[PDB]
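In structure tokens, one chain follows: the form deposited in one PDB entry.
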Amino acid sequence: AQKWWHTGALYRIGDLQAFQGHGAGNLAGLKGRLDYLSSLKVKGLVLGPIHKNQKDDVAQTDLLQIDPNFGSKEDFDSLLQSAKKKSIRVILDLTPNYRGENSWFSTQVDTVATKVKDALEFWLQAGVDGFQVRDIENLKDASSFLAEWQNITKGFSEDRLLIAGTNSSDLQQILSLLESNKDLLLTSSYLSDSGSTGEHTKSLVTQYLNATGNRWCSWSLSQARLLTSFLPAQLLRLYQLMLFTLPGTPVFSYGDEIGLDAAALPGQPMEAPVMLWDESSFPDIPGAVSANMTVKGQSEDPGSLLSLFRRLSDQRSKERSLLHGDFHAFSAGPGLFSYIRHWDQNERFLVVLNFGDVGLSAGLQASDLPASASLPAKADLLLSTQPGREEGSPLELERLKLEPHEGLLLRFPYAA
């Protein structure tokens, strides 16, 4: 019964050429990366846009035709059938003026909206699993158009998804978009650029859930940009642990799994960096790409960001409490954010996050939770974000001490 997009992470690929790196940068090349994508346990890919768009020219934009530099309609149908065999879903980005400065054009809004409307049934017939539209701050009467497009997509099948993206970070603006659209999945800047205290992140997360009836939602730092656009390297591991264990669908962009940072090499486009598969990525700068920046190098190191991403994604896509669970937060100290995930009679998870730069005792208070919950004296450590602890062994909960920037994931069974 549970909808497919509830079952794990979504993975955005906006620039097909930069993702592939080598060769031609087409739909065929993407198909040859599906074994890698399956290794990440991601449940859906968000692709493109890939349609014909003469920059700023409404008449020479056609959402029904693939731009021949990306490949053919036969290459697209082959990509969909191979993704299906690997249990990976496919979402098509239809943002119409993707090659221009304004994504929605500057004129003829009724003509532009009709292009999106008329492309929905065409692509659902081809076998896509849903759609993404971005930059909806620039779309006039967005809440009405989104309701219409949702009703067409769900009318085809309740197992089809519409994702909307906005640059907004404002709670009131987001609430007014969703008021008549309560089931839409929305990505936004709600969590980016508010300074990062443990207490402030706890306030953002709790107030959002309290305002929206604990309904299903996404968790992300942006509608499109990399985590390293917003966060220093020392908080990346902590944020991945939080995103994979909050109640909702986590959404990443290509390279987030290796900590891809556009600033870390000479010559990377700041908003669309080349994916670093191995040390041969940029042959014109010998010595610049080190092994620890790359997919090949990170796959050989149990302590890497990619190894952590893979483990967390595994847990998110198999543990019923992380799939379906309720959520309750503690009010821990300055520096800390801590919470529990729990469902019916399945294994429970405790998450403890130290956002600060000093070592801390957690002194978690049981009475912060509702009367009917309770904690055991000890819980088995599943993992830490930092090396050197004994996994699989119990830790005593009244006594936890966390190092600077450390996150812990603990587990405990259903006891009646």
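Superpose the two forms; the largest set of C-alphas matching within 1.5 Å is the rigid core. Throughout, we count residues from 1 along the sequence that is shown.
Of the other structures of this protein that model both sides of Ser103, every one gives it coordinates; not a third omit it. Annotation: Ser192 does not belong to the positions left without coordinates in a third of the other compared entries; each one with flanking residues models it. Set 341-349 against 118-126 and average the Cα temperature factors; 341-349 ends up higher.
Once the C-alpha B-factors are averaged per stretch, 256-264 and 181-189 rank with 181-189 first. When the C-alpha B factors of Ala18, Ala9, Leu402, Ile13 are read from the deposited coordinates, the top value falls at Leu402.
Across the options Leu47, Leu27, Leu64, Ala362, the residue with the most elevated CA B-factor in the record is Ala362. Ranked within its chain, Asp284 lands in the lowest third, by CA B factor from the PDB record. For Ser196, the recorded CA temperature factor ranks within the highest third of the chain's modelled residues. When the modelled residues of the chain are ordered by their C-alpha B factor, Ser331 lands in the highest third.
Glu137: CA B factor in the middle third of modelled residues in this chain (values from the PDB entry). Among the modelled residues of the chain, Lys52 sits in the middle third by CA temperature factor in this PDB entry.
One more form of this protein, deposited in another entry, exists but is not displayed; see below.
Just a single entry of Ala233, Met270, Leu175, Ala291 exceeds or equals a 2 Å CA shift between this form and the one not shown, which is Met270 (rigid core superposed). When the rigid core is held fixed, the Cα atom of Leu40 travels less than 2 angstroms between this form and the one not shown. The Cα position of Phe156 differs by less than 2 Å between this form and the one not shown after fitting on the rigid core. With the core superposed, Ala24 shows a C-alpha displacement of at least 2 Å between this form and the one not shown.
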